[PDB]
Amino acid sequence: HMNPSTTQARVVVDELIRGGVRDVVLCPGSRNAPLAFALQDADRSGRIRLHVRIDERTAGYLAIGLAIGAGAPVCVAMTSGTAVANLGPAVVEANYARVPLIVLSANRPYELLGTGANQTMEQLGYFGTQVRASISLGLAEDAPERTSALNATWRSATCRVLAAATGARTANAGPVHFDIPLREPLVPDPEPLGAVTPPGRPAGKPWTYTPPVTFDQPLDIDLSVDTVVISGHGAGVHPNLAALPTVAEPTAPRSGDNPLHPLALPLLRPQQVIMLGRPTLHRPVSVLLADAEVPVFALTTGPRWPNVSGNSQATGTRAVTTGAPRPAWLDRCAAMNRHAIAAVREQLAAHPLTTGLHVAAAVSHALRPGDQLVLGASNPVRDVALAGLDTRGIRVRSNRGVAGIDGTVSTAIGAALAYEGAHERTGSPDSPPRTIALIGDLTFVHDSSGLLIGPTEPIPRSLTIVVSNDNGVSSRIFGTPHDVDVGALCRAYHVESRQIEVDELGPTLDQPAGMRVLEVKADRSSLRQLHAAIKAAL
Amino acid sequence: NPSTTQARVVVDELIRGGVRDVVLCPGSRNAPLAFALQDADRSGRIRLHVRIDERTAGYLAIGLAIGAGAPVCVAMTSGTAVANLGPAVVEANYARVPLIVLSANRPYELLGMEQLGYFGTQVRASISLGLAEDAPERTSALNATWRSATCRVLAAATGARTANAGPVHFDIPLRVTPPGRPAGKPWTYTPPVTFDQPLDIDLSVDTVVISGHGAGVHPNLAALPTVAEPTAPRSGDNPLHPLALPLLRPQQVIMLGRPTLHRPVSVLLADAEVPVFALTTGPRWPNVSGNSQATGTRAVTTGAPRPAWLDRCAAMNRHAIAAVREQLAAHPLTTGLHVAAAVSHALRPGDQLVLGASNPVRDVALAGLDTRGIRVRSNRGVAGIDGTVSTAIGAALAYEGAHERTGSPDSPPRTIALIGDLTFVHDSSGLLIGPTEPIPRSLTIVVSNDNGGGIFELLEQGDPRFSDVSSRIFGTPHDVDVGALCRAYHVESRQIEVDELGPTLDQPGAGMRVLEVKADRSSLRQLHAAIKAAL
Amino acid sequence: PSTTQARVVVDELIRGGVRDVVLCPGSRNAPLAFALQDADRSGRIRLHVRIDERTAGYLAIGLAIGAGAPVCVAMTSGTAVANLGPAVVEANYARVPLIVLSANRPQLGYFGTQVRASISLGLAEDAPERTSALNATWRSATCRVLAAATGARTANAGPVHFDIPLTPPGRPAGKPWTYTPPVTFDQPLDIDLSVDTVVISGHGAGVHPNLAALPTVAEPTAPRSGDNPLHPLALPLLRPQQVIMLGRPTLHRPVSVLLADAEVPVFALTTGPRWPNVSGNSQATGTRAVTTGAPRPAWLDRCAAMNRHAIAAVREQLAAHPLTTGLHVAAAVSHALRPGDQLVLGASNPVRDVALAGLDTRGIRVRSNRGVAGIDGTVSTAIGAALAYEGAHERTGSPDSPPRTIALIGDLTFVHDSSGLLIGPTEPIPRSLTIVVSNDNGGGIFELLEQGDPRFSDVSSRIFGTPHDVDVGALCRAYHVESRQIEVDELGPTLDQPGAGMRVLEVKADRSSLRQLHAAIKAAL
Amino acid sequence: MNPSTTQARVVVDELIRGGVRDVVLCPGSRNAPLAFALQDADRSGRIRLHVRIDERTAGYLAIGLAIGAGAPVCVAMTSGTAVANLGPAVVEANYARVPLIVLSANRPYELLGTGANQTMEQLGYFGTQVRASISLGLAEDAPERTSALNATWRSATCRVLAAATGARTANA
Ligand SMILES: Cc1ncc(C[n+]2csc(CCOP(=O)(O)OP(=O)(O)O)c2C)c(N)n1
Ligand SMILES: Cc1ncc(C[n+]2csc(CCOP(=O)(O)OP(=O)(O)O)c2C)c(N)n1
Ligand SMILES: O=C(O)c1cc(O)c2ccccc2c1O
Ligand SMILES: O=C(O)c1cc(O)c2ccccc2c1O
Ligand SMILES: [Cl-]
Ligand SMILES: [Cl-]
Ligand SMILES: [Cl-]
Ligand SMILES: [Mg+2]
Ligand SMILES: [Mg+2]
């Protein structure tokens with residue numbers, strides 16, 4: 001015989017594994033001990049990798065990283081009370097970035113809500129419309145005669161949680177709140193007088209199998225009309241559009257070989273626009289989408305479609321193309337793209353001081369096919385886009401959902417861990433692929449506690465964090481530098497760090513060292529002149 | 001620009017309502033009342049605090065409000081502000097902290113702020129002002145409407161009518177200053193209500209008082225044996241050690257406030273043979289077991305405790321105190337209980353004490369802290385380990401500000417925080433205060449560092465049969481260099497031994513310093529079992 | 001400024017397929033009511049005014065399920081949100097495109113859980129230097145509302161809250177501002193038909209040609225996929241090894257017992273992203289089946305034998321029973337239907353008894369509020385269903401009278417929504433709607449439940465039966481509606497007789513013998 | 001003794017001790033345990049039962065029963081739109097401060113989302129219009145804990161009554 005809380009936790013953990021969950025983030029507590037015990041045992045048998053963290057807020061962004069690194073649903077488990085509320089920021093990010101994040105909260109029994117019990121709040125529903133679903137398991141009953149029926153109901157609810165999070169039937173992945181009320185006894189009973197977990201379906205199959213869904217919405221587009229493609233976060237790959245001039249955000253997957261620099265778009269006159277994904281980065285892009293005279297055709301992978309344009313003529317998922325672009329239009333767009341690249345290149349060289357744009361250019365040139373790049377959503381993504389990075393053959397991650405500074409370090413760490421984990425499944429005996437992160441100093445200092453990894457927890461094998469330190473009424477905290485020593489922060493969290501120059505950045509990134517932080521000074525003073533010089537050069 | 005005029009009307013009425021501190025974070029949107037708050041800051045009518053981390057900003061506001069009992073405003077500015085403020089707002093609801101959350105929505109924008117679901121369940125009120133309309137003739141009527149909504153917001157936050165203080169959402173939408181009542185009086189005067197529910201209690205029945213967070217002060221119960229949590233204001237001279245409770249058989253329990261500590265208390269409160277009388281200061285009342293027989297706000301007492309009962313309680317109290325003292329001395333390694341004892345013996349009348357969750361708030365009550373003359377703060381609302389550093393900082397700032405505004409030439413009184421290492425790791429970023437922002441002048445954070453969560457060694461998951469599995473999932477060692485952490489944030493820090501803790505606290509240092517004491521948690525369970533065996 | 005914002009929104013809703021709007025008088029939504037009034041006088045939209053806001057919601061449900069079109073309801077009061085609650089819940093669960101229009105001059109929890117979207121336009125600012133950008137913003141948002149309501153991109157139609165807080169053209173050729181092709185939601189399931197399989201199809205099911213040969217228990221609202229029906233009462237006489245469940249089945253305890261059987265795998269095929277699993281035995285979900293094998297001939301033989309046995313045991317035990325019951329009235333209405341008719345069923349016994357009588361749904365359109373299975377709103381639902389259905393036949397222009405809409409409801413249901421018969425003289429009235437009322441003076445379904453056991457005979461009269469003694473005939477005449485008390489035998493001929501646009505036919509029925517009649521049918525199987 | 005019946009009999013008894021003299025009942029299958037326990041209390045003269053068919057009109061009947069003499073009044077109904085029909089009466093009871101206890105039966109909460117018949121998001125439907133939204137635990141079959149389940153059930157009933165009558169908030 002097994003106590004009810006232990007049985008329920010072992011069933012849930014088993015069904016989550018069968019649904020593709022490979023990594024679980026756990027935060028310590030007493031009320032979530034049943035989940036903790038069952039997760040620890042699955043990690044001892046090698047069925048999942050467990051990542052323990054102390055701060056639930058940054059642990060939520062770690063889980064986002066573990067999910068975007070390879071595309072698998074990731075659970076984060078914590079105790080009752082403000083621990084659940086600390087997942088707020090990650091849940092908002094995962095909502096707008098469509099990240100399959102399962103928030104697995106332990107709770108007191110609902111009967112205690114309103115009694116004044118310790119560490120108990122209104123947990124179910126806390127996340128509102130940010131989550132794709134708020135699902136509660138029932139309090140586990142002590143009914144050995146009903147063991148088979150309770151197993152079917154727990155595994156079915158778990159599959160609903162997994163389906164809603166991965167978007168298996170909605171094509172709209174996102175975060176899910178899975179709340180589990182738990183009561184004493186919370187620790188497993190003596191194992192000699194123990195029992196076996198109620199089994200699932202045979203052959204490691206999910207309890208409710210849901211096969212791959214196809215969400216199809218064709219759209220007719222005449223490509224002979226002068227067309228530009230603008231691809232943002234969450235865009236899909238469209239091979240029938242690969243020839244068109246394309247302004248692509250760094251995180252957007254590239255369809256073709258005809259890039260168009262974002263600075264070139266204002267100097268051209270497209271007659272119609274194809275919007276892929278959710279573009280938000282570039283401001284001239286936003287200017288063109290506000291232009292009411294230019295028809296916009298939106299192509300999304302899911303049912304959500306962006307509000308970035310008011311003259312959206314149609315929304316679909318793929319294009320049924322008629323015609324071909326004027327060769328003179330392709331020539332003009334290619335000509336302007338080269339002009340914009342040269343203008344950026346020349347003005348960086350003419351600039352004396354090293355700026356953040358220089359570091360971004362230096363990181364972009366040091367990337368090799370197969371690398372993963374993680375970018376802070378402030379200046380790093382804009383700077384890499386102005387530098388003209390070729391994203392083909394590399395995977396680029398960034399928290400573009402709400403583009404916050406919270407959790408950027410933890411996201412890079414998680415993405416590096418999932419990326420390296422997927423490289424072992426291929427059975428290859430090579431070295432793990434590189435993960436390079438480029439983040440600002442203010443972002444790094446704000447999520448420096450994301451560097452904290454207990455001595456027994458997984459550490460990324462090939463992660464390098466490049467910190468572009470530019471030392472910068474509510475804006476009066478930027479009137480002075482924050483003055484924090486990046487080296488001191490790294491020592492506090494036992495992390496190797498080096499201060500280097502932009503010339504050294506390339507050759508130092510090629511040195512094969514676990515996790516490390518590479519700090520590069522830059523100047524914010526001259527940035528306004530450099531950007532003004534680039535615009536005058538066009 | 002009427003929107004600018006509106007902001008000065010609200011800020012002025014907020015200052016008339018008792019607001020002395022506002023917390024801001026930079027964000028995409030202009031802050032609600034940002035420039036009116038800036039004008040008020042330079043003129044000395046209000047004090048601004050700016051932070052980058054919105055989570056630590058919320059908990060700083062909680063500290064500013066519990067340090068002296070004043071309402072405090074927090075100014076949201078971004079699309080992450082609601083999610084990051086959630087923890088502080090939840091804690092303000094359960095600890096009854098007057099917290100005003102200022103927001104600035106756009107009614108000309110299309111909808112359908114990144115709102116979650118907690119605003120509905122956590123706040124006392126949700127008041128919007130309405131768009132500032134241009135009308136030079138209705139300026140005296142608009143002034144009255146804006147100042148009435150502001151007085152209503154402060155009343156809901158402080159519980160002026162409900163006796164249930166808590167957080168309030170105040171929205172001021174955006175697309176000289178008109179005057180208020182004379183002598184700086186608020187627009188709408190509401191006397192702080194008196195909430196009265198007298199209850200009959202016979203004190204001849206063997207009775208114990210158990211007072212928790214939010215407990216009132218009761219002079220007619222002063223003689224009874226009393227198990228008081230650290231945050232409860234004391235009203236008697238007859239304290240009863242929490243470890244003495246299971247050595248007695250009370251026939252009656254008076255519960256003051258909301259108790260959350262000591263499983264011996266929970267066992268006694270759940271015993272259906274022992275009537276429990278709940279005396280609370282607000283409308284809510286605790287009933288975790290279902291054994292709360294009656295509720296009230298004050299006791300109408302008949303009789304007095306039997307002299308033999310008081311003698312029995314005092315004898316068991318002396319056995320409990322001796323067991324804790326003798327077993328602490330006979331134990332080689334320093335634990336958090338040793339650290340808590342040293343801090344307790346170092347406090348002086350007038351000190352403010354801030355206690356983190358986990359073992360520190362329990363250990364101080366096991367050491368027998370005398371709380372009279374002392375101000376004790378702790379986030380017992382939801383017992384989170386998040387935001388405790390910023391709560392201490394805010395509590396010190398508000399506490400020092402009240403002493404400064406009495407004009408006493410003496411140095412500001414001390415605020416001493418006692419927190420675990422995970423608690424410090426959780427909110428270490430709360431230490432980053434820009435040179436422009438107010439910094440405490442007498443805040444000392446004592447960090448009892450046992451490299452993980454020591455309380456789990458004392459629970460069921462700390463039983464030796466889990467010794468192979470409980471290190472990763474409960475102990476959670478981190479190996480953080482605390483001194484290196486405080487250096488990066490430019491905060492004075494010193495690692496010392498428990499016997500040096502007393503003298504180091506007695507002398508002053510920088511306005512803000514962190515004292516770290518290395519402690520052991522591998523002997524923690526053995527030390528507590530030996531204390532129980534010596535009772 | 002707000003006057004042109006209302007006119008553009010109304011124009012885009014009409015371009016989006018809205019043909020009917022329900023409005024309740026009140027001191028609000030004045031500009032939108034004007035724009036709607038203008039379009040009603042222009043012939044672009046049909047306006048329906050009601051006084052009861054709860055009946056107005058269920059009327060809009062009917063106008064939507066009658067021809068599958070989006071329908072709007074305009075709130076104008078500080079009680080409308082509470083009164084539209086029941087209809088919004090029904091629209092959520094039955095996936096009905098209901099657009100609820102508000103106009104907050106600057107609060108229950110159901111809006112957060114029940115609706116597909118909550119969109120507010122924003123205030124109508126006064127800047128004629130940007131009137132072409134406000135035009136697109138208003139027609140884009142309105143296209144989002146229409147798309148969320150009809151499931152254009154989600155394949156999950158439902159209610160939408162559209163708030164316009166208190167004339168420039170659209171696309172040429174009357175097209176919607178943002179075109180969205182109806183989406184294809186596909187998810188194939190591998191099913192082996194050589195296993196002994198029964199199909200159980202409920203509310204919201206699709207049509208599956210590769211399943212037309214399998215024995216099929218179909219709820220009346222389910223569109224039949226083939227021509228091998230299996231009577232529900234035959235199910236406990238069979239031992240299927242596999243169940244294909246279409247849509248959302250909600251009727252028949254044998255069906256419920258079978259789906260709960262953990263030995264029998266269940267394969268759920270749904271037209272949308274939601275799927276049922278009350279038991280936890282759902283082995284897989286999908287939208288269509290990829291089939292191998294073929295059903296065993298012995299299995300088909302057994303099923304067809306139980307089917308005829310169940311049909312015969314019902315048709316004969318109805319003859320022996322002398323008293324007229326609700327099961328007889330359902331049988332009578334079922335044989336009085338011809339292809340092209342629309343049949344509206346109330347919940348409780350009427351929708352179950354029609355299934356026991358063996359109605360052949362082919363050629364008939366069957367409506368019923370199975371989403372939450374409420375006895376409220378059925379009268380106004382049938383009126384709206386008739387109006388929408390007759391409006392579609394009128395737009396084709398056939399040289400034939402409007403097709404018939406027959407409603408079969410219980411007594412309690414008729415008095416629960418009696419105020420749905422209060423239709424003002426200026427208001428559109430059905431032209432071929434006949435409401436048949438089976439009246440056994442109480443709730444006859446409770447006689448078939450555990451509280452209907454003879455050991456609760458002296459306690460179950462008050463709390464389950466609830467006689468009302470209401471004179472149905474007088475209630476209809478008070479509302480200026482034709483009524484006639486007929487017997488079960490004259491039901492058919494009276495129904496065949498073309499009559500007034502609205503007729504209520506009352507048939508007396510017995511419920512004291514209902515538990516005996518269902519036990520006699522059970523023993524004859 | 002089956003737990004639903006014991007649970008329903010404890011709640012009804014404690015409601016009566018709290019001053020409830022009138023209860024409005026609407027017919028349904030899911031609220032059978034409350035219906036039986038209420039009928040038993042009407043036969044004994046402890047309360048006066050009132051049966052109605054329409055839940056919307058039943059809520060205004062309970063409001064009348066409350067303002068007639070100033071006592072808390074209950075309205076019990078089944079799951080589904082039966083609760084949604086109490087919407088208009090709850091709104092009126094909120095603004096007029098009438099102690100109206102909406103006593104709703106429900107399918108088990110684990111059935112929410114499974115497509116079960118007559119199951120909706122009931123808990124929280126009324127939102128900000130109620131003084132409190134309290135659920136009892138699903139009655140467990142466990143004779144060892146009957147005394148603990150009694151205290152838990154009666155304490156919750158008292159919280160319902162105090163919030164409805166404003167016993168400690170002065171805001172019925
Ligand atoms: C926000 C939050 N997360 C998690 C918990 C669970 N919890 C309770 S005590 C504790 C350990 C705290 O350790 P520390 O601060 O080092 O104190 P110690 O008990 O070792 O003195 C934890 C994680 C909590 N109460 N709040
Ligand atoms: C709004 C609502 N309230 C209550 C119920 C519960 N219920 C189900 S069947 C029924 C009785 C309906 O009786 P009637 O319409 O006369 O039908 P009969 O079963 O006698 O044919 C009731 C009250 C419901 N489904 N909907
Ligand atoms: O007395 C208090 O301070 C207090 C505070 C609270 O937040 C409570 C919450 C639930 C139940 C009782 C509570 C209570 O008695
Ligand atoms: O297929 C349908 O029509 C349908 C409709 C619904 O409203 C559902 C609600 C919950 C669960 C399943 C559902 C479902 O399968
Ligand atoms: Cl335990
Ligand atoms: Cl950054
Ligand atoms: Cl604690
Ligand atoms: Mg510790
Ligand atoms: Mg009837």
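Counting starts at 1 for both ligands and their atoms, following the listed order. All chains are named by letter (A, B, ...) in the order of the sequence lines, taking the proteins before the strands, and each is independently numbered beginning at 1.
Of all atoms in ligand 1, listed by their number and element, those nearer than 4.0 Å to a heavy atom of B:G453 are 13 (O), 20 (O). Remark: ligand 1 atoms within the under-4.0 Å shell around heavy atoms of A:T82 are 1 (C). Of all atoms in ligand 1, listed by their number and element, those nearer than 4.0 Å to a heavy atom of B:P360 are 21 (O). Near B:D450, with a cut-off below 4.0 Å to any heavy atom, the atoms of ligand 1 are 20 (O). Those atoms of ligand 1 that come under 4.0 Å of a heavy atom in A:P28, given as number and element, are 4 (C), 6 (C), 23 (C). Within ligand 1, the atoms closer than 4.0 Å to a non-hydrogen atom of B:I455 are 9 (S), 19 (O), numbered from 1 in the order shown. Near B:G384, with a cut-off below 4.0 Å to any heavy atom, the atoms of ligand 1 are 26 (N). For ligand 1, the atoms sitting less than 4.0 Å from at least one non-hydrogen atom of B:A383 are 25 (N), numbered in the order shown with element in parentheses.
In this comparison of B:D386, B:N449, B:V361, the heavy atom closest to atom 1 (C) of ligand 1 sits on B:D386. By heavy-atom distance, the residue among B:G454, B:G475, B:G356 lying nearest atom 20 (O) of ligand 1 is B:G454.
Of all the N, O or S atoms in B:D421, the one closest to the Mg ion (ligand 8) is OD1. Atom OD1 is the N/O/S atom of B:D450 found closest to the Mg ion (ligand 8).
Salt-bridge formation is detected for the pair A:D406/A:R57: a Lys NZ or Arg NE/NH1/NH2 atom is positioned less than 4.0 Å from an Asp or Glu carboxylate oxygen. Using a cutoff of 4.0 Å between basic side-chain nitrogens and carboxylate oxygens, B:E460 and B:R263 are scored as salt-bridged.
At a cut-off of 2.8 Å, B:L422 is not counted among the residues with an N, O or S atom near the Mg ion (ligand 8).
When hydrogens are left out, the protein atom nearest atom 13 (O) of ligand 1 is B:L422 CB, 3.4 Å; that is the closest non-hydrogen contact. Among all protein heavy atoms, the one lying closest to atom 9 (S) of ligand 1 is B:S358 OG, 3.4 Å. With hydrogens left out, the protein atom closest to atom 15 (O) of ligand 1 is B:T423 OG1, 2.7 Å, a heavy atom. Residue, atom and distance of the protein heavy atom nearest to atom 26 (N) of ligand 1 are B:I385 N, 3.2 Å.
Only the side chain of A:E56 comes within contact range of ligand 1, with a heavy atom under 4.0 Å; no backbone atom does. At a heavy-atom cutoff of 4.0 Å, ligand 1 is contacted by the side chain of B:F456 but not by its backbone.
More than 12 heavy atoms of other residues, nucleotides or ligands lie within 6.0 Å of CD in B:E500, so this atom counts as buried by the packing criterion.
Using modelled atom types, one finds a donor on one side chain and an acceptor on the other under 3.5 Å when comparing B:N451 with B:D479. There is no side-chain donor-acceptor pair under 3.5 Å between B:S448 and B:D421. A donor-acceptor pair shorter than 3.5 Å can be found between the side chains of B:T335 and B:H338. A donor atom on one side chain and an acceptor atom on the other are not found under 3.5 Å apart for A:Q119 and A:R31.
For the pair B:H241 (side chain) and B:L243 (backbone), a donor-acceptor distance under 3.5 Å is present. Here the side chain of B:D427 pairs a donor or acceptor atom with the backbone of B:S390 at under 3.5 angstrom. Without hydrogens or angle criteria, A:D43 side chain to A:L39 main chain gives no donor-acceptor distance under 3.5 Å.
Taking the six-membered ring for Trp and the full ring otherwise, B:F466 and A:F37 have centroids separated by under 6.0 Å.
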ask   = Could you go step by step and tell me if A:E457 and A:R53 meet the salt bridge (charged side-chain N to carboxylate O under 4.0 Å, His left out) rule?
value = CA-CA 9 Å; A:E457 295 316 310; A:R53 296 293 188 278; 5.1 Å; no

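Heavy atoms of B:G452 come nearer than 4.0 angstrom to ligand 1 in at least one pair.
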